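Worksheet for the structure shown next.
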Amino acid sequence: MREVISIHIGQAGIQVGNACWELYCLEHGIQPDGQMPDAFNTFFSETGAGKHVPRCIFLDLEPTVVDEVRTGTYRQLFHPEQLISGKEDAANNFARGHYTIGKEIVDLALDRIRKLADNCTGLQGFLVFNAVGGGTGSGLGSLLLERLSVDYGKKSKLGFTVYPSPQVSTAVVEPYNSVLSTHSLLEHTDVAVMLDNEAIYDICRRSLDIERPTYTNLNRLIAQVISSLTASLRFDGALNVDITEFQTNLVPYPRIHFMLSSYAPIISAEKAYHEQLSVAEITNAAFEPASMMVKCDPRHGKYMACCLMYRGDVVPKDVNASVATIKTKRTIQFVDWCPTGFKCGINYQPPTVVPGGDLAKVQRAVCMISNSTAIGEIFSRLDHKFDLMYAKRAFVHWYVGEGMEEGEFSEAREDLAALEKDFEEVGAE
Amino acid sequence: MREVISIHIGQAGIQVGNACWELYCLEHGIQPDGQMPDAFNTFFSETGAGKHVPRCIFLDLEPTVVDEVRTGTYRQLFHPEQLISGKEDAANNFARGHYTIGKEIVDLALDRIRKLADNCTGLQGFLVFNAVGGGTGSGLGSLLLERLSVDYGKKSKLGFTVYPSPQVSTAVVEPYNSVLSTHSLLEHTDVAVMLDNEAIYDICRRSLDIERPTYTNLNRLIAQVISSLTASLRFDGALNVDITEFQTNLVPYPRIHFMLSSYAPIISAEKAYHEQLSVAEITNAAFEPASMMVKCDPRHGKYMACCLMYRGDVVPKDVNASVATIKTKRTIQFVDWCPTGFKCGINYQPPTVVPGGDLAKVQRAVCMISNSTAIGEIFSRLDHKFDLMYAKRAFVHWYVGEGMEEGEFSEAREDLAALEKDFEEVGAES
Amino acid sequence: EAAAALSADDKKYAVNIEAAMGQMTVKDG
Amino acid sequence: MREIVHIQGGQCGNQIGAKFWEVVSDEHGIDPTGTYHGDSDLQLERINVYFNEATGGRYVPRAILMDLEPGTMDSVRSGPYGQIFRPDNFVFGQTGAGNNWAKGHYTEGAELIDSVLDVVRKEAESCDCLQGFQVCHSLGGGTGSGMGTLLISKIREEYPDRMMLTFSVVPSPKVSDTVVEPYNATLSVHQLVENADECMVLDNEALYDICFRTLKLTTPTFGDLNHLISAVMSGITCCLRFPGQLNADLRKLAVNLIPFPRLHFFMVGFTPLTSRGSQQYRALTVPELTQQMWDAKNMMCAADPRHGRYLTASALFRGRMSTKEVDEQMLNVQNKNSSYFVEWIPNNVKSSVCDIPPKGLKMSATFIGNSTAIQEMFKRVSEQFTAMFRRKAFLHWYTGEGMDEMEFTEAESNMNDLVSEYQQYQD
Amino acid sequence: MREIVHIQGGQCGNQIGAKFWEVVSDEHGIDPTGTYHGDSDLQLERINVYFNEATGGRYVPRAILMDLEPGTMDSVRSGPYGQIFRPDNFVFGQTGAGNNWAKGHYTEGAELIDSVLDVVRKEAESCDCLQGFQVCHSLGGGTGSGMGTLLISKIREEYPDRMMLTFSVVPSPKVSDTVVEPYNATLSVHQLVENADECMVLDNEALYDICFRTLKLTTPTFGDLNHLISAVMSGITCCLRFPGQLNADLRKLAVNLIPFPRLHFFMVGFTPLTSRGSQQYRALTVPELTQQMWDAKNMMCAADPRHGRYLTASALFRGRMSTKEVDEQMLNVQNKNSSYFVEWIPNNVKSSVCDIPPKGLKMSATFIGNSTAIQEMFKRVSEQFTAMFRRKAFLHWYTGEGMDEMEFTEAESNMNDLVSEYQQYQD
């Protein structure tokens, strides 16, 4: 049977993991106690007398946020040592979580993963959740991605990653731990999907009419992106799109696999009654930069390879009519040598609205995860911050202090220069 | 599928549109919350089950008037984000409404128009309600008129502008803003249907017999004309006259495109029980100078081309008998080169009456919308105010600061001077 | 220190309004 | 979403502003304690223009109190409707200006105008979209004139894109309250025309004339005079606080009142004023307010409006009116006596309608008039300064703080500049 | 499972560190007896950071108090919340250094520092995981400076992988509490540079004007001064002992705020400082927090941040906050005045949110600033030390106990090194 093992690394991994498993428990009807009051097999393991255990590890070196799950509403849901904590954290230091404090917890991390992969019959792929700015997300996230490829080669490693925003960030060493972890992301992570926080802030304030959002409001629609993409495995549809179908469709080159995201229906409950739900302008809303999940304008670059995932009562005709219109829209730009640039996958389950959620209950939904050349602007401005920081050799003594050498700074930068060179020459006509 | 979108800019624009969709929601029987208990398709978007949203936008630079729409009796009917607000008003300056502060708000108005046109199947025309005497209506209205002309090209646009009256007017820099607006209307607006406040004050005084008319009473019966001039799309009749017919039949020349207005049966509740309202009687009242909505004498000018729409139970023959009696009267005149001058439109649905309104239920109604050469007089008086006033360079420091140039008043002066040359030349016989 | 919480005939107006602003009671003439 | 910065300066400005927030908080319905109790929901909708929301339903005004003596500051806070003010905005010195423009503007105002600029910028950056900078001060005093005009000059550089009202009183011609006023009065005008976009000219002898002849009050105190100013000061921004059939902000008045930047002095009136003897005998109607609104007795300036020619006008109507009655009387007064009006401007008078009247009053209006009669107020001060400067009397105090007589010549030159330009427009 | 050891040294350390243990015991909810009496269950989640479980549910702090004079422990035990400390940690002396660094560091410390590393070691391996050590001592004195910095040097030799906080108080700029302050300050700085992983500076006159001008109290005592010293230290560790949206442990406060190992000295500031008479007028919103947090007056160091830019800034928010307004305010202050920030580090400001506020308050913040303006605090002490040493003043007391002027030359050599490198990175 189908199965994915979602792996959340770091503090940002837990809060998107606490929100994702809040969405997965409603859409399959899983009670927080863990008992139902077929489709749950891909996300839950049925054990004993109707007890469902998540297929997810919450590993983080800080014992605080993982203990909040142990004292939260979901005490009886997750298996206890399936959640993994460390004695002390990395505190946004790449050298800590990768070399000196993460190496004593990886052997416990792969011990749980081996037993998780043993129970499931067919593991369709791995789902990775982390943040490059965190020391655990960068350091421990890389060494998990290193050992998973060695033990389980060629298996899908689908990754969602929280990059820092250009305007807003909450650490000066976030440009350091971003590109230092990104060098491990190119050679190992099969597909990387970017999530950017300030882009979500615009989405909540422009569309969801929440003037003062929090991280819990950001992670709930981040989780809605994840459930729409994996909805094909969970629920049957007009044309199912597996995770293995996703990698072979939007990875033209093994280095170019950094893709963006978008979610079309973004309206409040009072605003949903006035708006007409139809996949004509629902599809047009996904290609707007307002619904863009990463703060970079898509019309500077070109949409290279696009995937559309559809939920609810979407008939296959008018989605094929809306694709015809957006292709004719000159404002949206495609590259000339890839004339087929769409993936049409429709699922028959409308999304489930969480109680207290800002989003409204809708019958139709679009998730547009797309590879594009405008995502290289994110890497360029992330690189532009790195030239200013590294030239004066700031914050280096902790990186060289904790076992990690200094020569990899040239090596990590050389990989990012190889990415930005590739994104320019491939996108050129 | 017939569909027309309407835009509402300026303090005149929203307050007229408040009464416009008050009558629009009453013809189709929909409650003010937005539920009907397909003529509604041309004005309402069928949203899901039992919910309808009007296909119009409200926009004003001043945040005041939008809030009383947002907190009034139509908070649920309108779409919450179709209502467009602004940080501050243009403050009676065409420079502020077109260059400085309207520019940051025109682009949020342009995309919602694209959202409205993409939702509808086939659009028919453009309706704009504004006042050229103020800053917001003249400024952002002209600013939008640039953008919709280049984006939605060659589409029929019909405009309702509240011009200053020669006598009653409520701003000192009002002749400045009208002259600067006319340089934009002539090359861009297809047919401009004129309006004037005190003519509607006069039609409330002697006809409806109210001695205390306000802006609410004037805009209530403006909406009667707007529904009448779009009554062909909604309800069936003898001769359907849509917006595409209206322009190509009534404007003879590219720079000669201005328009009068009339609405003859305007009768209170007590007056209705004694008037014998036949087709012949209501036709004669519309062409009389006392019943028009701009104070200009059509005897002074000459009519160019006329269009009549009849609502209610009008048989198609006494409308033709009334036309013959109209054309045989000497007190009404036509220009010599236009022998065929009338367009007949008949609709069968009589005008509805708003509850609490002073207009009574009348079974027949005619709206006379005609081009004329007497519109030179309302442009000569307004230009006479500008030339006497610009000779001293008065009130210019407000204008040149916010993006305008000093010379721009001169091209707008000769553009109106060229218009006056056009109106005097085409009315001359040969 | 309380940083947690705080827990803390000369004018002669002679003007009143009753459908039109006038004088309350004092004097006139 | 617009808000108005009210700044108060001097002995005169502080006591009026105590009365201004006395009536506005009562008109908006908030008690002297600080809790909103306005029973009409339309008042609570536009509260951010004059009141900042605080914890617990509390509101504090967007106002400062600026003075050089703690006596006026203690007097404001002691009485009712003084507890509502910001404690931090009570900026105060210890010296006291004492009727010298040199002290207020240059020497002892400088070390404590940086503190008042700190709280203004604190309050300005907290609120969203600034509309104007309205100041209530005095021109013949020393505390509100010297420090106010420097604060006027300083605030124009920080926010050069904002309108500004100056509710500034003028020394009366018939009586005087300061011996050395026309030294201070002329030297405030010179610093005023270059930076003030418009001026609301007031005086005291008109308020005594209004309260005695029309209100029939033989013994008016400063409670009576400052209440009439407070009635006006709310009436200028009436269209912002409440709905209206034809709204008008400060810049709507600004474009409709000044043909030129230098002719920005007005005269102000308030129409619905009845004595208690004639309380029941006046029929409150739209014709009846405007026959008193244009009356010369009701103006709050020393100038006689019939001597001068009106250059522009403005009307701020409040309440439930039929706008034809509003528009007819404004056209009727322009044609009944056009000799008292301008000949080269059509549509001299501007109008607006606000749908909510003030408390108690069913109808009210406020007249704003730029005329050539304000020259008669300027040249009275101008002829006094020339007779007093020719021998350099009372100048050793003024030149003792570093202000040369060359600036005094520059002040008189600009004083003569205003009376030159208004006069030949009337011809 | 992160344990923080608190170390207090001298007269100032044992008195103001008592009030740090006053507020944490008041915030975690333990009584003066030693038992738990809190309302929520969040307090009991992380007690092990500061307290040890014992018999009967009593919580004994992980604090060693140590000095050379017996007078302080008479005051420490007698005060409120004084019984909770273990008496085995109450190691003291009999002579007393008497504001001399030489007696504390070399002569009378040598028979006692061997005793205090026996007490520290007993509480070292008693707990599971040492996060590090925090010390709060004095630099103008001698019983907490010389005796303290030798302990600070010794624990880094024994435990090099752990982290140091030094909440050291410096001499005030305008007033001096002790004559020999510049000697003991500079000799303490020379030891605290290479041994302390980070340093936070507190200044009494920086507390004095805060407790008067901003807190509006006429006569704050020393207990009022130590409260803001006690309040800021609880804001240092707010993210450790409590959950939050984004967690900043004390190693994060080191690795993020410190660009270079020598450039580790900070300045601190407590954000919500409003008086009893001005609290209810103020609206408790995060715009009001961020304006006070970035104010120059709110900092508790002798430096003025308009003189020098911030190399790195931090903010320790406590409570239930909307992180979008938190993020965009720091973005705004980075965009309002980019001159006042160091240009070559993009996005200098760190924010972390603790979900529970302190007692009483609902929204608070704790600013940590590695500003280059604090070289003025170094330079003013450095010029005092050069002037005192060049006449060999007060030197026979120091060199008579085992000192020579070689260290005094070396102490200046690191003192002027700091002001040279702090000015170098500002340019």
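Order as written gives the chain letters A, B, C, D and E; numbering starts at 1 within each chain.
One rule holds in what follows: a residue touches a chain if its C-beta (ideal position, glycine included) is under 8 Å from a C-beta of that chain, and two chains touch if they have at least 3 such contacts.
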item	value
Between B-D and C-E, the pair joined by more C-beta contacts	B-D
Subunit A and subunit E: spacing of chain centres that average the CA atoms, whole Å	41
Centre-of-Cα separation between subunit D and subunit C, whole angstrom	22
Distance between chain centroids, defined by C-alpha means - subunit B, subunit E (Å)	73
Interface hub residues of subunit A, defined as touching at least two other chains	none
Residue numbers of subunit D (touch at least two other chains)	none
Touching two or more other chains - residue numbers and ranges from subunit C	none
Chain-to-chain touches, reported pairwise for every pair that qualifies	A-B, A-E, B-D, C-D, C-E, D-E
Interface residues, subunit B side, partner subunit A - complex	34, 45-48, 51, 53, 79-81, 115, 118-119
Touching residues (chain side subunit D, partner subunit C) in the complex	79-80, 215-221, 223-224, 227, 231, 272-277, 279, 282, 284, 358-362
Subunit C - residues contacting subunit E, complex	1-8
Complex contacts: residues of subunit C adjacent to subunit D	10-23, 27-29
Of subunit E, residues touching subunit D in the complex	277-278, 280-284, 287-288, 291
